[PDB]
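Heads up, the thing below is written out as structure tokens.
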Amino acid sequence: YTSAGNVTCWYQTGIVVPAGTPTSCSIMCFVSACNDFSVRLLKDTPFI
Amino acid sequence: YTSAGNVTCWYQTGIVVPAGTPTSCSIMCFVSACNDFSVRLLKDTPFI
Amino acid sequence: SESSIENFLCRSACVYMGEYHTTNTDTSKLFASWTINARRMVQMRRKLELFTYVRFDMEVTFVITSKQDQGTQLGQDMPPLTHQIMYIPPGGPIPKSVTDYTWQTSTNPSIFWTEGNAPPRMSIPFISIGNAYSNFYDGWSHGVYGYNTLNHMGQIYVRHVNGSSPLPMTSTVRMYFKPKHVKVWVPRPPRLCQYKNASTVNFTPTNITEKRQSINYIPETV
Amino acid sequence: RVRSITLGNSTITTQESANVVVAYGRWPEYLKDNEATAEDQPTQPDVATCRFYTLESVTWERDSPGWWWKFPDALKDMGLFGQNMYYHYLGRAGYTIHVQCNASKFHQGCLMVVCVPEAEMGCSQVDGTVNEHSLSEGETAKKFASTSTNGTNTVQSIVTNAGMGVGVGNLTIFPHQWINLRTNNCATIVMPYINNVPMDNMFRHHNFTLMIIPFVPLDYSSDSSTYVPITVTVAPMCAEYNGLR
Amino acid sequence: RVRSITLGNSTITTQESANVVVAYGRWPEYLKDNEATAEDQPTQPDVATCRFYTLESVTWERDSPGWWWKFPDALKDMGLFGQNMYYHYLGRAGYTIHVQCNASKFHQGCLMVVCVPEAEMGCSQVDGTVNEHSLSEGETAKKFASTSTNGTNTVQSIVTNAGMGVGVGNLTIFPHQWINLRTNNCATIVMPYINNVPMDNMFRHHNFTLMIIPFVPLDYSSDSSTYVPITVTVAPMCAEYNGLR
Amino acid sequence: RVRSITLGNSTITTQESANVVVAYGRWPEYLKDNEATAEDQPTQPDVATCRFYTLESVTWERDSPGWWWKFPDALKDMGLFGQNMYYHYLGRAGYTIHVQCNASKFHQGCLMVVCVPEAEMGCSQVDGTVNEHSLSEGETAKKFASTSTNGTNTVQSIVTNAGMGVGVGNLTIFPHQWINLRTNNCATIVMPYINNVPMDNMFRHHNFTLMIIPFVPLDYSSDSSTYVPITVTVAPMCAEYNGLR
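Protein chains in written order, with PDB author numbering: chain C, 184 to 231; chain C', 184 to 231; chain A, 60 to 201, 206 to 285; chain B, 12 to 256; chain B', 12 to 256; chain B'', 12 to 256. A prime marks a further copy of an entry chain.
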């Protein structure tokens, strides 16, 4: 109900550690725009 | 009661290890002279 | 091209609306006044806070409308009304009555206008002994936190230009403000919380964003 | 692959594989000569202002929200650079900031290190005003909190809003560096002098704020050390004051 | 030192320090023009056959004998390349296979990854015949066993004889790669099209077989993860079919 | 980044990133021709003296004071080089010594490896004399002690005085190498022939002494191996004897 692309991530193997290291961990995502970005029709923002 | 410079060392963070490594550890100091060293008035040593 | 600085900031807006009478028994209702800053217009404030330093000229247009008070007396035949719009630079005399001497000082620029004509308009340059204005100040006034005196931009005052013993009338002024020839320095993150008052950055803690169902949830595709 | 750097009578050691952020592309420099030629003559110390000053280390534990310092006046007791703050009526300077960690390959965590100009902060009471002590304590760091604070005259220091009313994930707009215990442990930021006037008084204005914020908390297991130390070292650059003669 | 590769609307990330085996020295290519000039005209899709297809990961535990896949028909449900298998009567293609592991420096183990042409397999009953389901299950892997198997119509899958009646230490005669958790975790094999005719039908013949076999089992200690994931990614190269007009 | 070295019918493997100490700047060489032209003609074996000889490994545990060997006669049972010690009345040679460790990244410790010319040792009794067995046992190492020793005819082997009456922190005046388990595990020392005469008899004189001394003891934790092995390999260089004809 979007008509947009999507991204997903899957466990291929699983995480393997030696003795004496933390068990769980984390991933972080960063987003940005590439040089070819364009905008039109200045309007008012819906946040204030 | 010296009139000499001094050197000191401080813990900025603390030591962090994984699971299964020794906890304590050691530092070693080495001393030497640089090329511009000069000496005068040979005398007798106070050790024997 | 529409994301340039000029096209993003150089746009007109109503920032103050005020009312004033020709006769009254309060004597502060006989004139209208406004201090120029860009912190009591919430939509312009937020667009201006994306930068730390700004430099611009100001353009101000005035829309003025009058009315006879519903008190009692009819059958009048009146000529059109005249108004005086005075700008005070930083470091100028401020009037306290409508009969004061400061409405005649030679260094306060002033506009005289009569109804029926095109709306009046004046243009103010960049007025600061500093090199830019600042939207954020991490300091003390000399003591108020966050307030520096280089941001003074002046004031506007409006009155009627009648003679003695005038007839009762009520006027409304709307001021439209527009910055021009704009330059900005040091971008900042956008304001995430609602504004609380006009002089501080005070806020109540806010959520980072809204929730969804789970970290895997993607809505069904049409 | 280790470099040894000496400024004055100070010496520190870094790795030659360092990465350096020059804040907006601009290196520090003197206001050249003739903004205010006639009766505004400056002077420069260049004696023991160009030297490494090292603060006390901070201790990164499992629940650490973060730390911040104000510049200057984090150096108002630091030898000569602090003496010059009292003798002179106006000044200016740029800085070089080194941040280092001491950790093992069995630890994990992630830090943001950011330098924020004009970091004006909000009060814990919406109709209140902030105190001077709650904004800084000099060479001792202030602490962020993990929940929203109370009490009079205190900065509202919940870490997700960074005391400024923005989203903390967006502070990457400022000069910043990431420290991921997995891949590096050091960060250098070179800051120039940024103001809307050429000089200023150094006691009632905070030019910029250094913040250090963990985004992934420290984790360790069985008998590793339970903390990690962080160390901050500052060298002032191209400092300049009003002439006294 | 990380490369990012995009084929079509797919993107994966590898390390630029990869090592690549080109099977017998031969890169894939089109049968040029004129083996069968007159009424044998081919066509090529080159649309969404050249794109990365990623299967499900497999789980390497302490007692894992191994895994195998058949090519093609491991891709008979994979988007367009699978559609072309039903629309066209004859085809051909080469492949690029990436195999990756996710493990730590506290794990240990060793894998062989080998691509075997014409891997004809034996039955668990000497006077029996193998079933079609026991040879492959498509994009799901079959499993080797650690002892000798029974039951009707099943491949005899004891891992020391690799289902072919040879010694498993001698499979290095085929295009192969070693994965030693100590030194690397990835393997790329580029396979050309190998047959005794130029084209063929893709449903009743298995061109080659991909096998993954642990020679030193996975070992870990106190509170590491108890498994390691393996991931396989395939990109078809220079695919070509019989013309339909 | 591994080199494979063959001397004669011997082969060992080292890392190409090795560091080599040439003792006083001098490589080994033959006494050229004409110190003693007329009736002093030498000969050289160059057969199976130039070859790697490997002793037994020693075991580094938590409380190990150290080890020492005497040269020559650590090689008096080593094949041909040892045969030549009995057949010839005078000789000379230089040496290449490799020392290696086998340890993990979860161990820690530090070793000094030093080659000392004329290492004359003291007796445990001040008015006593040292025995021949207490100075060496051939290819088996002698051991230092952690406290002061007793008994007749024994070397006084407290490790802080190194059996010579000096401070052990000052042995860096000799050709030496450090092995820090954190950064390397190997050491090569090339020793020339050093005497106050050109040749000498090889049975009643010890040219030099190899010592290995831990300055930071071995440490490990929960279920690592409780010892670390050290291995010593020696290749004689430019050996030369009196002619027999």
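Every residue gets a Cβ at the ideal spot worked out from N, C-alpha and C, and that includes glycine.
Min CB distance residue i to chain B below 8 Å
{"i": "A:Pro-253", "result": "yes"}
{"i": "C:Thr-196", "result": "no"}
{"i": "C':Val-200", "result": "yes"}
{"i": "A:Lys-259", "result": "yes"}
Neighbour flag for residue i against chain C', beta carbons, 8 Å
{"i": "B:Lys-116", "result": "yes"}
{"i": "B':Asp-234", "result": "yes"}
{"i": "B:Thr-70", "result": "yes"}
{"i": "residue 7 of chain B", "result": "Because residue 7 of chain B is not part of the residues shown, which for chain B are 12 to 256, the question remains open."}
{"i": "B:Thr-242", "result": "yes"}
{"i": "B'':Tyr-231", "result": "yes"}
{"i": "B'':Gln-188", "result": "no"}
Beta bridge counterpart(s) of residue i as assigned by DSSP
{"i": "A:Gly-77", "result": "A:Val-236"}
{"i": "B':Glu-251", "result": "B':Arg-103"}
{"i": "B':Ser-21", "result": "B':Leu-18"}
{"i": "B'':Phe-219", "result": "B'':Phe-82, B'':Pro-128"}
{"i": "B:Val-31", "result": "B:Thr-199"}
{"i": "B:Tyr-204", "result": "DSSP output for B:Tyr-204 lists no bridge partner at all."}
When the options are compared against residue i, the one with the closest alpha-carbon
{"i": "B:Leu-221", "options": "B:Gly-77, B:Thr-22, B:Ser-21", "result": "B:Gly-77"}
{"i": "B:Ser-157", "options": "B:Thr-163, B:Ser-168, B:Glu-148, B:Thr-151", "result": "B:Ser-168"}
{"i": "B:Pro-225", "options": "B:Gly-180, B:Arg-215, B:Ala-49, B:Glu-251", "result": "B:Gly-180"}
{"i": "A:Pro-138", "options": "A:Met-145, A:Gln-127, A:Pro-148, A:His-244", "result": "A:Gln-127"}
{"i": "A:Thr-267", "options": "A:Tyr-258, A:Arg-275, A:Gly-217, A:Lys-106", "result": "A:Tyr-258"}
{"i": "B'':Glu-148", "options": "B'':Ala-29, B'':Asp-234, B'':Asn-95, B'':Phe-82", "result": "B'':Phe-82"}
{"i": "B:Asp-138", "options": "A:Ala-261, A:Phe-121, A:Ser-200", "result": "A:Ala-261"}
{"i": "B:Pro-247", "options": "B:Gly-36, B:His-144, B:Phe-63", "result": "B:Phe-63"}
{"i": "B'':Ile-23", "options": "B'':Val-33, B'':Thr-65, B'':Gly-90", "result": "B'':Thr-65"}
{"i": "B'':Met-175", "options": "B'':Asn-30, B'':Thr-199, B'':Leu-146", "result": "B'':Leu-146"}
{"i": "residue 1 of chain B'", "options": "C:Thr-191, C:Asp-227, C:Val-199", "result": "Because chain B' spans 12 through 256 in this model, residue 1 of chain B' falls outside it and cannot be assessed."}
{"i": "A:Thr-173", "options": "A:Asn-190, A:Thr-141, A:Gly-151, A:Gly-206", "result": "A:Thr-141"}
Supposed contact pair residue j and residue i - C-beta distance, whole angstroms, cut 8 Å
{"i": "B:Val-69", "j": "B:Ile-241", "result": "5 Å"}
{"i": "B':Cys-249", "j": "B':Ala-114", "result": "Actually they do not touch by this definition, with Cβ atoms about 34 Å apart."}
{"i": "B:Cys-121", "j": "B:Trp-71", "result": "Rounded, the Cβ-Cβ distance is 11 Å, inconsistent with contact."}
{"i": "B:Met-202", "j": "B:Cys-126", "result": "6 Å"}
{"i": "B'':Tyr-252", "j": "B'':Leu-42", "result": "That pair is no contact at about 12 Å."}
{"i": "A:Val-157", "j": "A:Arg-222", "result": "5 Å"}
{"i": "A:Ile-144", "j": "A:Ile-219", "result": "7 Å"}
{"i": "A:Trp-248", "j": "A:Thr-81", "result": "Incorrect: roughly 47 Å between the Cβ atoms, too far for contact."}
Assigned exposure category for residue i - 16 Cβ within 10 Å defines buried
{"i": "B':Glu-131", "result": "exposed"}
{"i": "B':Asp-84", "result": "buried"}
{"i": "B':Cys-112", "result": "buried"}
{"i": "B'':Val-124", "result": "buried"}
{"i": "residue 10 of chain B'", "result": "Because chain B' spans 12 through 256 in this model, residue 10 of chain B' falls outside it and cannot be assessed."}
{"i": "A:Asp-197", "result": "buried"}
{"i": "A:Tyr-280", "result": "exposed"}
{"i": "B:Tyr-238", "result": "buried"}
{"i": "B:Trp-79", "result": "buried"}
{"i": "B'':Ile-184", "result": "exposed"}
{"i": "A:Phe-171", "result": "exposed"}
{"i": "B'':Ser-135", "result": "buried"}
{"i": "B:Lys-153", "result": "buried"}
C-beta neighbour in chain B' for residue i, strict 8 Å
{"i": "C:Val-190", "result": "no"}
{"i": "C:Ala-187", "result": "no"}
Proximity test, Cβ basis, 8 Å: residue i and chain C
{"i": "A:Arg-105", "result": "yes"}
{"i": "C':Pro-205", "result": "no"}
{"i": "B':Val-239", "result": "yes"}
{"i": "B:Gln-52", "result": "no"}
Neighbouring residues, chain D, relative to residue i (Cβ below 7 Å)
{"i": "C':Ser-209", "result": "Note that chain D does not occur in the displayed structure, where the protein chains are C, C', A, B, B' and B''."}
Chain A contact for residue i (CB, 8 Å cutoff)
{"i": "B:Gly-133", "result": "yes"}
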